[PDB]
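One structure is given here, and the rest of the page talks about it.
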């Protein structure tokens with residue numbers, strides 16, 4: 279789609305153990321992003 | 633877990649605090665341990681050279697630590713019954729069974745504190761005056777954390793010589809508490825720290 283909007297995160301202070309896989313931003317939207325505006329919740333398991 | 637903190641961040645943003653929040657990648661909390669007996673032991677005193685503490689570190693076993701975490705090895709009963717439980721469960725020594733002082737960072741922790749200096753611990757009235765200060769330094773330093781202020785799991789601290797001067801009455805406890813803290817640091821750090 280098109281963009282809807284258009295000393296803390298130091299790279300020497302963050303353990304990159306597993307690469308942040310992009311689908312985490314869908315599966316858990318608040319925890320993996322800053323500013324989640326107009327976000328929708330997901331039904332996740334039946 | 634993941635969904636718990638996702639839900640509380642949703643709750644934090646939408647229900648109470650509408651402010652945009654920078655949030656880093658989540659890291660776990662860590663702990664510390666020791667796997668072997670201590671080296672040539674350290675004895676350290678106060679800035680005024682009055683009172684010393686001689687302490688080694690050797691690990692209490694897996695069963696010991698997990699059972700103190702299950703409260704069954706609590707010292708709130710008689711010292712004799714606690715010693716009998718140490719005997720009937722771990723082949724523990726009788727002379728070390730009636731000498732254990734405290735536990736560690738909380739009411740039931742993963743550490744233990746033993747005294748065995750049988751020629752030199754006849755000085756009991758002068759040892760028990762600072763025994764509670766050794767406990768007040770011990771619990772506090774075990775909930776502090778030497779390396780990166782985490783907790784200390786499964787380490788035994790054992791005192792082998794008590795050199796405390798005659799009638800301190802103001803110096804003793806207040807100076808021995810950071811001294812007990814520092815000798816805890818030395819006996820932990822000296823021979824085998826692990827994460």
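Residue numbers (the authors' numbering), protein chains in the order written: chain A, 279 to 284, 295 to 334; chain C, 633 to 827.
We put the CB at the ideal spot given by N, CA and C, even for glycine.
- Message: Just to check my reading of the structure: residue 678 of chain C and residue 811 of chain C have Cβ atoms closer than 8 Å, yes? What is that Cβ distance to the nearest angstrom?
- Response: For the purposes of this step, residue 678 of chain C is taken as the residue at position 46 of the second chain. For the purposes of this step, residue 811 of chain C is taken as the residue at position 179 of the second chain. Confirmed, Cβ separation roughly 5 Å.
- Query: Taking 8 Å as the CB-CB limit, is residue 634 of chain C close to chain A?
  - Reply: Residue mapping note: residue 634 of chain C aligns to position 2 of the second chain, counting from 1. Interface criterion met: the Cβ of residue 634 of chain C is under 8 Å from a Cβ in chain A.
- Item | Residues of the stretch 642-660 of chain C with Cβ closer than 8 Å to any Cβ of chain A, in chain order | For the stretch 642-660 of chain C, which is checked against every Cβ of chain A, the residues closer than 8 Å are 642, 645, 652, 653, 654, 655, 656, 657, 658 and 659.
- Cβ distance (whole Å) where residue 809 of chain C is taken to contact residue 765 of chain C below 8 Å: On the second chain, residue 809 of chain C is found 177 positions in, with the first residue counted as 1. On the second chain, residue 765 of chain C is found 133 positions in, with the first residue counted as 1. Between residue 809 of chain C and residue 765 of chain C the beta-carbon gap is near 5 Å, inside 8 Å, which marks them as a contact.
- On the three-pair Cβ rule with 8 Å, is the stretch 749-761 of chain C touching the stretch 778-797 of chain C? Between the stretch 749-761 of chain C and the stretch 778-797 of chain C there are three or more inter-stretch CB-CB distances shorter than 8 Å, so the stretches are counted as touching.
- Query: Should residue 297 of chain A be labelled buried (16 or more other beta-carbon atoms within 10 Å of its own) or exposed?
  - Reply: Here residue 297 of chain A corresponds to residue number 9 of the first chain, with the count starting at 1. Counting C-beta atoms within 10 angstroms of its own C-beta, residue 297 of chain A has fewer than 16 neighbours from the protein chains shown and is therefore classed as exposed.
- Rounded to whole angstroms, what's the CA-CA distance from residue 305 of chain A to residue 721 of chain C? Just pull it up for me. Indexing the first chain from 1 puts residue 305 of chain A at position 17. Indexing the second chain from 1 puts residue 721 of chain C at position 89. A straight line joining the alpha-carbon of residue 305 of chain A with that of residue 721 of chain C spans about 41 Å.
- In this structure, does DSSP put residue 674 of chain C in helix, strand or coil? The count along the second chain starts at 1 and reaches residue 674 of chain C at position 42. Three-state result, residue 674 of chain C: strand.
- Query: When you compare only the Cα positions, how much space is there between residue 759 of chain C and residue 662 of chain C?
  - Reply: One-based indexing of the second chain puts residue 759 of chain C at position 127. One-based indexing of the second chain puts residue 662 of chain C at position 30. For the pair residue 759 of chain C and residue 662 of chain C, the Cα-to-Cα distance works out to about 35 Å.
- Under the rule that 16 or more other beta-carbon atoms within 10 Å means buried, what is residue 786 of chain C, buried or exposed? Position 154 of the second chain, counted from the start, is the residue given in the question as residue 786 of chain C. By the Cβ neighbour-count rule, residue 786 of chain C is buried, with 16 or more other Cβ atoms within 10 Å of its own.
- Could you tell me which residues DSSP pairs with residue 665 of chain C in its beta bridges? Looking up residue 665 of chain C in the second chain gives position 33. When DSSP reads this structure, residue 665 of chain C sits in a beta bridge with C:826.
- Query: Within this structure, are the beta carbons of residue 823 of chain C and residue 697 of chain C separated by less than 8 Å?
  - Reply: Within the second chain, residue 823 of chain C is the residue found at index 191, counting from 1. Within the second chain, residue 697 of chain C is the residue found at index 65, counting from 1. For residue 823 of chain C and residue 697 of chain C, no; Cβs fall outside 8 Å.
- Query: Which chain C residues sit within Cβ distance under 8 Å of residue 282 of chain A?
  - Reply: Looking up residue 282 of chain A in the first chain gives position 4. By Cβ distance, chain C contributes nothing, its closest Cβ being about 16 Å from residue 282 of chain A, past 8 Å.
- Item | Contact set for residue 805 of chain C: own chain, Cβ-Cβ below 7 Å, skip 5 residues either direction | Here the question's residue 805 of chain C lines up with position 173 in the second chain. Its chain contains 762 and 765 as the residues whose beta carbon lies nearer than 7 Å to that of residue 805 of chain C, once the 5 sequence neighbours on both sides are disregarded; these appear in chain order.
- Task: Would you list, in chain order, the members of the stretch 320-332 of chain A that have their beta-carbon closer than 7 Å to a beta-carbon of chain C?
- Result: Residues passing the 7 Å Cβ filter: 322 and 323.
- Query: Using the rule of at least 16 other Cβ atoms within 10 Å of the residue's Cβ for burial, across every protein chain shown, is residue 813 of chain C buried or exposed?
  - Reply: Against the second chain, residue 813 of chain C aligns to sequence position 181. Within a 10 Å sphere around the beta-carbon of residue 813 of chain C sit 16 or more other beta-carbons, which makes this residue buried.
- Item | Reduced DSSP category for residue 697 of chain C - H, G, I as helix; E, B as strand; rest coil | In the second chain, counting from the first residue as 1, residue 697 of chain C sits at position 65. Helix at residue 697 of chain C.
- Message: Assuming residue 747 of chain C and residue 724 of chain C are in contact, meaning their beta carbons sit under 8 Å apart, how far apart are those beta carbons, in whole angstroms?
- Response: The residue given as residue 747 of chain C occupies position 115 in the second chain. The residue given as residue 724 of chain C occupies position 92 in the second chain. That pair is no contact at about 14 Å.
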